[PDB]
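Just so you know, all these numbers are worked out from the coordinates, no wet-lab data involved. With ideal geometry, Cβ positions are generated from the backbone for all residues, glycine too; neighbour counts draw on all protein chains shown.
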Amino acid sequence: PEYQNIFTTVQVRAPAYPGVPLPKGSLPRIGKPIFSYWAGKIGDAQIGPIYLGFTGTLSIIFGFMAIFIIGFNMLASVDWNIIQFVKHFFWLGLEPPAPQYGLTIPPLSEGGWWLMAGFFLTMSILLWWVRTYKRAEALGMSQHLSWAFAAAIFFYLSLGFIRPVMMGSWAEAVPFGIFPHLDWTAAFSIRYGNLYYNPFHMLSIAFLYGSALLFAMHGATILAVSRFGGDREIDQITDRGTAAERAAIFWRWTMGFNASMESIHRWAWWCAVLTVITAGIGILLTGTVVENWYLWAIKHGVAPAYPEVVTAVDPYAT
Amino acid sequence: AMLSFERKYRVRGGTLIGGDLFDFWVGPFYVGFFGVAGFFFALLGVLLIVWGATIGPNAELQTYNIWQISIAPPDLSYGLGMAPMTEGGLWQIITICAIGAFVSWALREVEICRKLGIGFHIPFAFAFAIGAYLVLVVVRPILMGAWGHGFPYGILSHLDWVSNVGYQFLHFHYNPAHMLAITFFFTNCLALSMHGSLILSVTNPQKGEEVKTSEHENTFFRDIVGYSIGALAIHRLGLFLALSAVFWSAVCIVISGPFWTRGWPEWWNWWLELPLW
Amino acid sequence: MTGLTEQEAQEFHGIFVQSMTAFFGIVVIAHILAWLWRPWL
Amino acid sequence: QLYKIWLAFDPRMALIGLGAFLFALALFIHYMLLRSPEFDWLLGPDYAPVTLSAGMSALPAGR
Amino acid sequence: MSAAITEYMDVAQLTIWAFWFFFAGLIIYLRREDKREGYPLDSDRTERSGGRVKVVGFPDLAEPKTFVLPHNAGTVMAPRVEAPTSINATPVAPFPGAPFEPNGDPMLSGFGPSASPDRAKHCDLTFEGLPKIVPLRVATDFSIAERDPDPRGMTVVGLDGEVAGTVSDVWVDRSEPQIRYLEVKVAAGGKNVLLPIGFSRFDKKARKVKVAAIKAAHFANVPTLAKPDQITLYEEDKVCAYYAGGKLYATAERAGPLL
Amino acid sequence: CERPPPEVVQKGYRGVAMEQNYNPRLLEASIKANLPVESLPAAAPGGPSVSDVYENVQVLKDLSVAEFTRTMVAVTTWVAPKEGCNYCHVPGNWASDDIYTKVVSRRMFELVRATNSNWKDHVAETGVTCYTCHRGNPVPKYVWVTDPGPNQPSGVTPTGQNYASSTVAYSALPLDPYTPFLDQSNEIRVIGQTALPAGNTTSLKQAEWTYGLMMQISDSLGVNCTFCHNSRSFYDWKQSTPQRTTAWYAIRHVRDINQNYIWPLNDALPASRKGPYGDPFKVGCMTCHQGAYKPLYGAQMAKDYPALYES
Amino acid sequence: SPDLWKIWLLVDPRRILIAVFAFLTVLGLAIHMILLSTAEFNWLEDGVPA
Amino acid sequence: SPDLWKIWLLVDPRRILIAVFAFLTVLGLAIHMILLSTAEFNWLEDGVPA
Ligand code: BCL
Ligand code: BCL
Ligand SMILES: CC[C@H]1c2cc3[nH]c4c(c3C)C(=O)[C@H](C(=O)OC)c4c3nc(cc4[nH]c(cc(n2)[C@@H]1C)c(C(C)=O)c4C)[C@@H](C)[C@@H]3CCC(=O)OC/C=C(\C)CCC[C@H](C)CCC[C@H](C)CCCC(C)C
Ligand SMILES: CC[C@H]1c2cc3[nH]c4c(c3C)C(=O)[C@H](C(=O)OC)c4c3nc(cc4[nH]c(cc(n2)[C@@H]1C)c(C(C)=O)c4C)[C@@H](C)[C@@H]3CCC(=O)OC/C=C(\C)CCC[C@H](C)CCC[C@H](C)CCCC(C)C
Ligand SMILES: CC(C)=CCC/C(C)=C/CC/C(C)=C/CC/C(C)=C/CC/C(C)=C/CC/C(C)=C\CC/C(C)=C/CC/C(C)=C/CC1=C(C)C(=O)c2ccccc2C1=O
Ligand SMILES: COC(C)(C)C/C=C/C(C)=C/C=C/C(C)=C/C=C/C(C)=C/C=C\C=C(C)\C=C\C=C(C)\C=C\C=C(C)\C=C\CC(C)(C)OC
Ligand code: HEM
Ligand code: HEM
Ligand SMILES: CCCCCCCCCCCCO[C@@H]1O[C@H](CO)[C@@H](O[C@H]2O[C@H](CO)[C@@H](O)[C@H](O)[C@H]2O)[C@H](O)[C@H]1O
Ligand SMILES: [Ca+2]
Ligand SMILES: [Ca+2]
Ligand SMILES: [Fe+3]
Ligand SMILES: [Mg+2]
């Protein structure tokens, strides 16, 4: 077939690019850059260098402390048996404080470690946000990434901090574990009457689905016009080439309207950002202003009614 | 009406079927053979859905509420045969129209790709979404042995179907392909936000600055995560993540009931029963 | 084209049958003993 | 004079195309027999279904 | 405060309605951003009105934004007024929405898949101001990876299998190191022409570069470069568009239909 | 990895996906592992009465001697076929209560008679038999004790969860739902029954405990959640199935069995019939059901034995 | 050994110091946390002194 | 063997050192953790000395 531009057939090697010079007074980039042949098959071969500044160092230190605390408690939960740690690893977790503790600090194994892991992880994520902001600022770039990251952080904070504080219970928060936080996700929906009927959950899914739809659309579009240099989107934004024109014309002929080479990235940015924005809102509304989402849907005429082919006598109505 | 640069691209030919018979545009749309077929596949399917909403599950429950409209598949007792129109047959007809419309849309995209001389990545990518729909309404119902296993056509009713199918395996989060598909969905959304941010931040930089370069783009994510995939490869990755998410989602649902009937957490007992522990 | 001549194919397929028929022979006796052990039809 | 198929179809694609189709069709038909309990040979030659007595039902009540 | 706004209205219902108003504004904003290119539309509505009715749809166009180019390459306005460009084609029928048939040799018409806009007659530049797409003979620090074959010396083969030429040099992107063009020494004439990597399918075993877009004879008409060691953005579009025209024009059956 | 198609039982409206999926071969093996015992031939009518002949009969007083002997032969096959009558009797002395198995089995007769006579909201004319739990074993195979979970460091309070357990069908949910719900009577409902908050302070953690119990219930009956629920509204009885009503009574029936019949027998029972906490081997779901929607797939054995019903 | 000074010709002291200090810190945290997780050696909850 | 010094001509001396030091530390940590997991060999929870 024609070259689909999925894999780089013949790779080119040049001296490792140190990166665009940073403003005077900044720390140097660390790591001697290396080239990976298999990374260069699908993408760029160069690995490194990385900028590890003051903010990134604090984020790493805070982040390791949170991760070490979680993994230590997982190991303690299997009574230090490293073999049983591996067997049950997906099922292990650092679990939030018990319901009777409210918002108070409980003993270490009764939620105290979870609070420390939650705080340290939150600090590292917040410090990582400052790092993304600083890296864009140091390059003279706009702060689109840090805004989008802040939106994801808003959802993350809603899950583990803001909602538990609004409910006055750390027991509402997410366990630090693979299957445990899936159990939390299911139990959250079950507890509050079928999160499918949370309209912001509906919106979050529409944007999550749209993110995959848009990136599939945009990813396929750019690859389809990469024979014209469509991958070089800065060129196509400042100097519209035939790649941008054919990309826009394809979609206009397909669905009657189209974006531009720049505006497609605004559609992409907002679709992904709104996924976590509406996710955060839906979480914050649940249990605070809505107790049962299905019953809220019934009140607002959202839930469909089915013919009664099966029913149960209510034993509490005796 | 065309874009100000579009007229030089409105060329004759490149059709798969039809030649010059339907080779024309209606407003912005290219029609072609599969535009005619697809439009009247969609038009019939949409009208039948409206008709399905007009009679409802029954006259008492019939509603035009857009959230509550639901065209339901047949009862499982009808097997893989055809059901009466008011007992799931309308759903079967709409499903056929939907397949006709979706495939015609993909084939119309192929003809547009031929006209423009571009790669066929978009129709190929769209085939994955069509394949996922085909798995849900054709492949899985056939493997289970009844058309009633398909999801109902209703904005909220098909969520009740998803909910109940998930709880047919007592904890659907433990489905391994489901976990893989979600990971791809979540990573794709993260990659999309990153790619949207980087392009926007480079072409719309701080005030008083010129448009940045591809060197800035590589440097930015090298400065953050120590690696930059590249301007071309991020689109490979985005396509790969989105397509893998749908492929694994199709796998996760087609193994849920045809190739696995137990609760999904129990599937992990192969790992728990390894003699190492 | 697969980068070999007419002469090479004669001897490659000449004993390819030999490796095939020996592998089939082990397969057949394996099924015969399996049948003579417990029939499956 | 039936060679003409090989002047319009490459020997290599057809042979690989034929093999993939024939293997897929054979797998499909073998599966269909396994689908039918009458032709499910994996149950054994002397397969006897479990006898149900005293009001037993294999399946719960349906709809 | 409480969750119930009225007997029926509640906070969640208010929140979802608030999103719909924001989302409506966001869609209006995004559509306006979409319309910074290609608007007002080329329409018969404008043509019969003598230009008195500009076709923009809804929402209308945004005020022009400013792109300041690096290295004093200039300033472009995203919504810009563009002079009409004549098309080397004629309508195949007189009804609206009818397609056009290219005039003359379709591969040379500059219409349809072979059409391209006139980009700036300046080379794309690296961050240091050097031309970005250059041959390997001027980007001396660049090299082909050891595990991959060197394209130089490979036989270039057209869509029909006939030999079109040989690969003299490889043009690389000096910003993101990768191949973008293959300089082909045309067997017929000998004049070097560029071949985009997107139209080149490598056969590593046979040391052949297969170009399905165009025949071997079509290589003689590939647009040539002004300077031998660099390519402008305008020339890049001209070269890529020419090969793309072959996907529809090179062979008569490529026009379709299949059946 | 299983081979399609499964045997599907639709229980709800079309398109609601309230269905039970059964692997035909897995179902076949389960049925073969849950076959009933053929009833004994009916005893000869008339004859001497139990009260006239036997001294220490406190439960089966209303029986004829022929029916009483038939019952002892039946329970021997049902409970101790490999041990005979001497498992529950002092050798030579039929009326002696000097062995714990006789004290327990007398109480077990009351358990069965009460179940078959007063818990028909659950056992519904099918009833139970000593075979239903014991299946020819003196110790029923599927019993439960209060689970301490995995061993923990002495200074670590157990979470009771986040550990792969078959009790919750190999999820990480709270692995001991028997103790709060099938022995104690902790509230199972967690879902608020109003659209807007109205005082339901139930924690999300309590939902995980209910989820754990329902995982055990579904595994015990070999069914999924839609056997009793429309998952779009777990709370709603109107959208539930009749089996949810039966399961509601079964929970109370199990609580009565454990609190009023098994727990008072703890002192008679030896240490081997007790868990780490000291509680006796207790009855849950899967003690009778053993992975089937009805014990022995609805086989009707109790109706042939008049000794298994209250007078 | 009298020549145990020669390892530093093989490994960078900067790297070896960062790794050692990081490892010793985590090990110190882990042992302290094991003792806090042990009721017989948790010096904060043992109630001593009363 | 008298020529057992010949291994390091093929394997780099630095990379083997990093390998053994890390492997032994992990092995030592794992064995200690496994012993702590046992009631018989947990020296912190056995109550000896009283
Ligand atoms: C139900 C009753 C019987 C039974 C009834 C039948 C009947 C009836 C038939 C078979 C046939 C077959 N059965 Mg049976 N079979 C049963 C149980 C089995 C079991 C088992 C362990 O249970 C096995 C392993 C088989 C296996 C087989 C195969 C030997 C054979 C299918 C041929 C084939 O696939 O060619 C397709 C695959 C090919 C590769 C064909 C090759 C030809 C092409 C031109 C080669 C091209 C090569 C090229 C490189 C392409 C390669 C492929 C691609 C790269 C993918 N049966 C049961 C017990 N079985 C069929 C047969 O005899 O065929 C000869 C047949 O008619
Ligand atoms: C459980 C019983 C006791 C207890 C029993 C012990 C025992 C036993 C030990 C400790 C040790 C420590 N305990 Mg204690 N400890 C207890 C309770 C506490 C509490 C508390 C809040 O209750 C705290 C904060 C501590 C804290 C500490 C640390 C001071 C120390 C671990 C340091 C380390 O890991 O370095 C690792 C990190 C590094 C970076 C190592 C690097 C080495 C240094 C920092 C670098 C060299 C410095 C300088 C250059 C030297 C120059 C030399 C010449 C001058 C040139 N313990 C309880 C009450 N504790 C350990 C100790 O004393 O080690 C010093 C130790 O062996
Ligand atoms: C638009 C919404 C989507 C989104 C967006 C998003 N995420 C983001 C961003 C954005 C815009 C970032 O800018 C930020 C980023 O950096 O991306 C590359 C990020 C990010 N999203 C991430 C993850 C993530 N995002 C998710 C989701 C999403 N992100 C949404 C779908 C999820 C999911 C689905 O669960 C995950 C898991 C990270 C990769 C990154 C934020 C990184 C961060 O905060 O790091 C904190 C650091 C730690 C907790 C660990 C530090 C400790 C080390 C492990 C110690 C040991 C090793 C050590 C580093 C060795 C070297 C030491 C040196 C001293 C030598
Ligand atoms: C595979 C990766 C992702 C993807 C990719 C993708 N989608 C695509 C494409 C691609 C590459 C297109 O090229 C094509 C397109 O042109 O998009 C603008 C498309 C498209 N993806 C669309 C939607 C869509 N994609 C989805 C998903 C995804 N698309 C994946 C996540 C979803 C989800 C997750 O729900 C939706 C809703 C359309 C906007 C468009 C295809 C338009 C089309 O086929 O038009 C013809 C049909 C009609 C106009 C109407 C047909 C009506 C029927 C006859 C009756 C109704 C039947 C239906 C089953 C009713 C069900 C209703 C209930 C579920 C509420
Ligand atoms: C004779 C006669 C009258 C016949 C009838 C008329 C006929 C046959 C018409 C044929 C067409 C048909 C069948 C129409 C009927 C069905 C209708 C009305 C379809 C409308 C089209 C449609 C399905 C629209 C849905 C669009 C929706 C809701 C979502 C799509 C996803 C989405 C949010 C896209 C917005 C972002 C955009 C525009 C992406 C496209 C896009 C991408 C992805 C780029 O990467 C890119 C790169 C560089 C430049 C431009 C672009 C670009 O435009
Ligand atoms: C190298 O590392 C070693 C080997 C040493 C240890 C590694 C161990 C491992 C392998 C650990 C693995 C951990 C895993 C797999 C964790 C998985 C975690 C998951 C999936 C988490 C998912 C979601 C969790 C969320 C959303 C939690 C959010 C919590 C928040 C936001 C809590 C914030 C809490 C705060 C701010 C506390 C506030 C209270 C203040 C006052 C501090 O309290 C005193
Ligand atoms: C009338 C019929 C029954 C008889 C004769 C009977 C007899 C006994 C005996 C003798 C024991 C003690 C066995 C031992 O400890 O070695 C026992 C224990 C037990 N039985 Fe039954 N039983 C009967 C019915 C049931 C039923 C219907 C159930 C289930 C609801 C049940 C559940 C148990 C349990 C849980 C124990 C404790 C485990 C044990 O100690 O063995 N039994 N039974
Ligand atoms: C794994 C699938 C299941 C899930 C997720 C599930 C979920 C739940 C939930 C959340 C509740 C609490 C309802 C409320 O808060 O008002 C509940 C109660 C109940 N479930 Fe289930 N359930 C499952 C399986 C079953 C099955 C198979 C049955 C029938 C055998 C059953 C019978 C009941 C009954 C009777 C109640 C009410 C108990 C009471 O009020 O005391 N459930 N279930
Ligand atoms: C539906 C999506 C697109 C797929 C296209 C194919 C659709 C279905 C193929 C048509 C098959 C029709 O096959 C026909 O089905 C009906 C309905 O089950 C069968 O009818 C049979 O079962 C139904 C219910 O199961 C009974 O009410 C009826 O008494 C019995 O005869 C016919 O015996 C069979 O001849
Ligand atoms: Ca103390
Ligand atoms: Ca000790
Ligand atoms: Fe892009
Ligand atoms: Mg938990």
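A few remarks follow.
- Global size of chain B: 23.5, 70 Å for Rg and Dmax (C-alpha atoms, Rg to one decimal, Dmax whole).
- Test item: A:128-141 mean partner chain Cβ contacts at 10 Å: 5
- Low-density loop cleavage sites - GluC sites (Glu not before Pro) in segment E:1-104, where at most 16 other Cβ are within 10 Å (DSSP): E:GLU7, E:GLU82
- Its alpha carbons considered, the protein assembly as shown gives a radius of gyration followed by a Dmax of 37.2, 125 Å.
- Average beta carbon contacts from partner chains per residue of E:208-218, 10 Å cutoff: 1
- For H:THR25, label point 7 Å along C-beta direction: distances to other copies, nm: 1.3
- Note: segment A:1-61, Cα convex hull, 127 Å³ per residue.
- Three-way shape call for segment E:1-138 based on the alpha-carbon gyration tensor, with the a/c threshold at 1.5: oblate
- Listed peptides E:143-155, A:295-307, G:18-30 by packing density, highest first (mean Cβ within 10 Å): A:295-307, E:143-155, G:18-30
- Candidates F:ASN56, F:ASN34, F:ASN93, ranked by Gaussian network fluctuation over chain F, Cα under 10 Å, top entry: F:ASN93
- If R0 equals 25 Å, the separation of the Cβ atoms of D:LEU18 and C:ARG38 corresponds to a calculated FRET efficiency of about 0.10.
- Protection proxy ranking of D:30-41, E:121-132, B:122-133 - average other beta-carbon atoms within 10 Å, highest first: B:122-133, E:121-132, D:30-41
- D by Stokes-Einstein for segment B:169-219, Kirkwood Rh over Cα pairs, 20 °C, 1.002 mPa s: 158 µm²/s.
- Computed over chain E with a Gaussian network model linking Cα atoms closer than 10 Å, the most mobile of E:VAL53, E:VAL138, E:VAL222 is E:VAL53.
- For segment A:45-190, radius of gyration divided by Kirkwood radius, i.e. Rg to Rh on alpha-carbons: 1.03
- Computed over chain A, the P(r) tail beyond 23 angstrom holds 72 percent of alpha carbon pairs.
- Quotient of C-alpha Rg and 2.2 N^0.38 Å, computed over chain D: 2.14
- Scattering profile of chain C at q = 0.20, 0.30, 0.34 Å⁻¹ [log10 I(q)/I(0), Debye over alpha-carbon scatterers]: -0.66, -0.92, -1.00
- Ordering E:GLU183, B:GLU209 by the number of other Cβ atoms within 10 Å of each residue's own Cβ, fewest first, gives B:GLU209, E:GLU183.
- Segment B:45-102: C-alpha pair distances exceeding 17 Å, %: 37 percent
- Fewest neighbouring Cβ atoms within 10 Å first, the residues F:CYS133, F:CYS1 line up as F:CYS1, F:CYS133.
- Taking the number of Cβ atoms within 10 Å of each Cβ as an exposure proxy, the fewest-first ranking of F:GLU208, B:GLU215 is B:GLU215, F:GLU208.
- Charge dipole of segment F:176-311 (Cα centre as origin; +1 on each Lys and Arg Cβ, -1 on each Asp and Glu Cβ, all else neutral): 280 debye, rounded to the nearest 20.
- Close amide H pairs (under 5 Å, H built 1.01 Å from N) link B:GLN62 with no residue at least 5 positions away or on another chain.
- Report summary: the helix-based calculation at 222 nm, which adds -39500 (n - 2.57) for every DSSP H run with n ≥ 4 and divides by the residues of the protein assembly as shown, gives -13500 deg cm²/dmol.
- Mean per-residue shielding of peptide A:99-109 is 3, counting Cβ atoms of other chains within 10 Å of each Cβ.
- Of B:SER77, B:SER249, B:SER197, the residue with the greatest mean-square motion in the GNM of chain B, using alpha carbon springs below 10 Å, is B:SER197.
- Just so you know, the Cα atoms of chain F work out to an Rg and Dmax of 21.6, 71 Å.
- Computed from point charges on the beta carbon alone (+1 for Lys and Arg, -1 for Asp and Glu), the dipole magnitude for the protein assembly as shown about its Cα centre is near 2960 Debye.
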